[PDB]
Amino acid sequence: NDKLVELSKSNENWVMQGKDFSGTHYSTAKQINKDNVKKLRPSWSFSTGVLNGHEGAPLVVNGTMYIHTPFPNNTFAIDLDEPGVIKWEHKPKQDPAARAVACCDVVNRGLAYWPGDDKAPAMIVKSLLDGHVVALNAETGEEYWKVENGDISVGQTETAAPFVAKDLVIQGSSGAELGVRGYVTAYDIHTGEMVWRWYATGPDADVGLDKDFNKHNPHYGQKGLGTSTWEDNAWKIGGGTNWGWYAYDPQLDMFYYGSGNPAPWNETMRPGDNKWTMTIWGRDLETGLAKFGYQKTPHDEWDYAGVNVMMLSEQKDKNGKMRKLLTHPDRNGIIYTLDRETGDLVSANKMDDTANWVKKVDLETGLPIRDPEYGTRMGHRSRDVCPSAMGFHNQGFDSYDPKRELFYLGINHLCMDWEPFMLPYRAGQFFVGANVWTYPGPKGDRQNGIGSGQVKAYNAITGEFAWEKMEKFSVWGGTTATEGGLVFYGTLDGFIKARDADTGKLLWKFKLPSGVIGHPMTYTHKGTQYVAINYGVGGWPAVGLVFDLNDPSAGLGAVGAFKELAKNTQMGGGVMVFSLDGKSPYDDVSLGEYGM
């Protein structure tokens, strides 16, 4: 979308979850910098009126902040000139049964925005847990259309943010833990019409392959593999849902995202590479056809759901050639960098060297060389496998400073024991088939339940870390970087923090009401730079607190890794907004006062 491209250039706006189509989360605003970030204080705040995890972050455009919540997925709009007034709200009516088929808390990763044209005014686009995608008039909040994009009776939900590019709304899928076959769908914003829909497994007619699919890398595999790497019809319930993030290159007119884990978690019930789960896609926008597809984790044994963030950059490779790239920190603990036109593998490095399911990724063959000692299988309990199923990286939307050429990665340091079990598939029921016990990795403090996070600054070409910092808990919510030399992120124990972009030194932090599982965002309004963040702990790490669980293997293995969270945070739900010296519209005390 040409207008989104232009809007994203302005510091007045944050028009999509990733800030820009490249997913940089990079702000050129410098008002807040290394020398004054300690003066950052809350300007104003807003409670969402719901609890459970608050992922994603607000959008800001046209001088309005747009805020989403977890189930029932309410939307609020706020005029930034008077933040205490709710300009409009949208409160969906949903079957509460939708809660029961969400594996990992009733989270939602946020709104999208389409700027309007001469046939339709600007729209806010939201997803609902019960499977719907809804387009709302951005100014008024009134429904423009509502389409069905998932049926909870067969285990489908939606938690991902919709993604707008040109005049399409693209929505992914959730429910691999219930045997849902992944599907990605585009709707025309003007008419609500379905433009295409493509699947992660099955016949090529279902998967949507361009005639030149993987032409530059035929060894990745090409035709027929969506069935031939499965036994009989197991692909029909084969997972590969895409519930994370997208990137988009307007010049190539291609979008990029990863498909998720195969189902069930029990690897013995699905022999074969299980393509095209766990795959990095480069798809043509208008037709949705795949130009390349690289499978990161053939025959997944670990639930390394391949849905994580895509960050686009242009850098010179080791041969001195300028390359258009994507960089992608996977659940499996490898940071993938590919040429985003050809799909060529440029680098594939461990985000932490304790990762042990794979020895290395061979860049020539493109294959991860497995260490059988850390695989999983029926009849065996695998121990001290790194990463955990929760990943060395999960859904957090990270950042890339294009001047420093550094990616700022919010990382989990988590490992696990794992043992599969046999089970039947019944539509609408869970279909996991493994018992899991997750805990802090070797560099942390497993006996004390802490040291399960890291923040690292990474160069995708050299593979080196500019700096590495340990965190008390997994850094779940992503990161945002600015030309002020700052990297912002929130923590599960309830802080927003800023580190020095060059050294990683901790410069500032503030105790929010609840832990953070979304990313910071920033915007400038009437000359003042603001930093805002969701708070309200939840998602996978906090299922123990949120659902009152105690068994260490409960919450798909999360509960035993995060028992100490409840000593540092409780549930919550809201937005906190920060500025230098807490400068605020309400510094004019007459603003909003009765009778003016």
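Sequential numbering from 1, following the sequence displayed.
S.K.: Test of understanding: from the entry's C-alpha B-factors, which stretch has the higher mean, 486-494 or 143-151?
M.R.: Stretch with the greater average CA B-factor: 143-151.
S.K.: State which stretch shows the higher mean Cα B factor in the entry: 314-322 or 232-240.
M.R.: The stretch with the larger average C-alpha B-factor is 314-322.
S.K.: Highest Cα temperature factor in the entry, among the options 521, 194, 517, 457: which one is it?
M.R.: In this record, 194 carries the highest C-alpha B-factor of the candidates.
S.K.: Identify, among 553, 52, 27, 45, the residue whose C-alpha carries the highest B-factor in the deposited PDB entry.
M.R.: Highest CA B-factor of the listed options: 553.
S.K.: Based on the deposited C-alpha B factors for this chain, I'd like to know if residue 21 is in the lowest, middle or highest third.
M.R.: For residue 21, the deposited C-alpha B-factor lands in the lowest third.
S.K.: Would the CA B-factor of residue 566 place it in the lowest, middle or highest third of its chain?
M.R.: Middle third by C-alpha B-factor.
S.K.: Using only modelled residues of the chain, where does the Cα B factor of residue 511 rank: lowest third, middle third or highest third?
M.R.: Within its chain, residue 511 is a middle-third residue by C-alpha B-factor, going by the deposited values.
S.K.: By its CA B factor, does residue 393 count among the lowest, middle or highest third of the modelled residues in the chain?
M.R.: Residue 393: CA B-factor falls in the lowest third of its chain.
S.K.: Pull the Cα B-factor of residue 291 out of the PDB entry and bin it into the chain's lowest, middle or highest third.
M.R.: Middle third - that is where residue 291 ends up once the chain's C-alpha B-factors are sorted.
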